[PDB]
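Report on the structure
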Amino acid sequence: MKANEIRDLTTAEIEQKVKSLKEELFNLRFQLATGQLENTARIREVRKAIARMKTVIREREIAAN
RNA sequence: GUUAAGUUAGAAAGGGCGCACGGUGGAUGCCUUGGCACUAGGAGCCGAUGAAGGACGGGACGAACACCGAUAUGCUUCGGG
């Protein structure tokens, strides 16, 4: 997964992919708060995903600049 | 069993001296995760590309330490295991 963010398209698809898993994160926090989420570690790994694959965007932008 | 007058062990409310067994308390013994004085070498600055230092906040519960900064208990990317 540490490579796919570079391998796939430059910037376009990562954007709505960010918004999609941010949707997932919001849903995860809501089910956590109401006390129904089971697979907890999902909450960690989605945030890790967000961090890494917007870090990729930042480094790509600065490198291009 | 009476006179009569003489003589003395006897006691324990409690207490004193030793003996035994306990409590408390943290002395002494032993130890060290800290500290002191120094030797040899490196280094002797940081800051508007925002410092030193903080407040606030981040974790599958929530406080505190430590780490971190809304990419928040971390990440990408060269290595070592």
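Residues numbered from 1 in each chain as written, not as in the entry; some residues may be left out. Chains lettered and ligands numbered in written order. Part of a larger assembly, values for the part shown. Heavy atoms only, no water.

As recorded in the PDB header, cryo-EM is the method behind this entry, and the stated resolution is 3.4 Å.

Describing the protein's contact with RNA strand B
Lining the immediate surroundings of RNA strand B are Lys2, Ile6, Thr40, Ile43, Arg44, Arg47, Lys48, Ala51, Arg52, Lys54 and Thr55. By atom count, sugar and phosphate contribute 88% of the portion of RNA strand B lying within 4 Å of the protein. Contacts to RNA strand B include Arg47, whose side-chain N or O atom sits 2.3 Å from a phosphate oxygen. Here a base oxygen of RNA strand B and a side-chain polar atom of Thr55 are 2.6 Å apart. A per-element tally of the surface near RNA strand B places helix α3 (residues 42-64) first, with 8 residues. Its residues placed into classes, the surface near RNA strand B shows 3 nonpolar, 2 polar and 6 charged. (Near = heavy atom within 4 Å. Polar contact = N/O pair within 3.5 Å; in protein donor to acceptor, adjacent residues only side chain to side chain. Helix = DSSP H or I, 4+ residues; strand = E, 2+ residues; numbered from the N terminus. Nonpolar A, V, L, I, M, F, W, Y, C, P; charged D, E, K, R; others polar.)

Points about helix α2 (residues 12-34)
Helix length check: α2 (23 residues) gives 34 Å between terminal C-alpha atoms against 33 Å at 1.5 Å per residue, within 8%. Turning to α2, its buried residues are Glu13, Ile14, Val18, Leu21, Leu25 and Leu28. On its buried face, α2 is in contact with α3. Two residues or fewer after α2 comes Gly35, characterised by a positive phi angle close to 80 degrees. (Expected span 1.5 Å × (residues − 1). Buried < 20%, exposed > 50% of the residue type's maximum accessible area, 1.4 Å probe, protein only. Contact = heavy atoms within 4.5 Å.)

Considering the packing of aromatic side chains
Considering all chains together, one arrives at 1 aromatic pair under this definition. Arranged with centres 4.4 Å apart and planes meeting at 40 degrees, the rings of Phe26 and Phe30 form a pair that is tilted. Pair noted here: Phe26 and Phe30 are both in helix α2, with a separation of 4 residues, about one helical turn. (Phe/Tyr/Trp six-rings, centres within 6.5 Å; stacked < 30°, edge-to-face > 60°.)

Observations regarding α3
With 23 residues, α3 ought to run about 33 Å at 1.5 Å a step, and its terminal C-alpha atoms sit 33 Å apart, in line with that. Restricting attention to buried positions, one finds in α3 the residues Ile43, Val46, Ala49, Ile50, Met53 and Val56. In this structure, the buried residues of α3 make contact with α1 (4-7) and α2.

Brief notes about the nonpolar core
One recurring pattern in soluble globular proteins is that nonpolar side chains are buried together. Counting 7 residues, the largest nonpolar core consists of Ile14, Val18, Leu21, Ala49, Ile50, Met53 and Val56. Every element with two or more residues in this core is listed here: α2 and α3. Non-local contacts of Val56, meaning those with residues more than four positions away in its chain, are made with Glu5 and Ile6. Membership of the second largest hydrophobic core comes to 5 residues, among which are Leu25, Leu28, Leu37 and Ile43. (Core = buried A, V, L, I, M, F, W, Y, C linked by side-chain atoms within 4.5 Å.)

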